[PDB]
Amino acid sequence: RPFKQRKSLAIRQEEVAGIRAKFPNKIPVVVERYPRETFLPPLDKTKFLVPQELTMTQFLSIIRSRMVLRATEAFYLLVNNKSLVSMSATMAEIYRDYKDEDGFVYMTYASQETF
């Protein structure tokens, strides 16, 4: 039920190819709730097409705005569910350094997580 389970690699790469053509100024991000989260609500969508200049800090607020319940609680946003990245980085910086082989960049949100 993670996105990478629901769609094959070739299907995901084809989706990014169309996104890159139609939305060339945007960064394609897949944001998913950490599968073990008990507090924060799910979002009402998975794919965000965000400006290149938007910061991680700003993006947090966009993700919060898409939660099905308006929870104000802090949460972490983990790139590949494993990299805590600079919160002043832009979405183009994060895409350049952390995009998946499929062409999306993946982030998981959690209110707590142990590695």
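We number the residues from 1 along the sequence you see.
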Query raised in the report: Given the B-factors recorded for C-alpha atoms, which segment has the greater mean, 61 to 69 or 46 to 54?
Result: 61 to 69
Query raised in the report: Out of 102 to 110 and 6 to 14, which one has CA B-factors that are higher on average in the deposited record?
Result: 6 to 14
Report task. Check where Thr38 lands among this chain's C-alpha B-factors and tell me if it's the lowest, middle or highest third. Result -> highest
Query raised in the report: Ranked by Cα temperature factor within the chain, is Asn81 in the lowest third, the middle third or the highest third?
Result: highest
Query - Assigned third (lowest, middle, highest) for the C-alpha B factor of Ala74 - result: highest
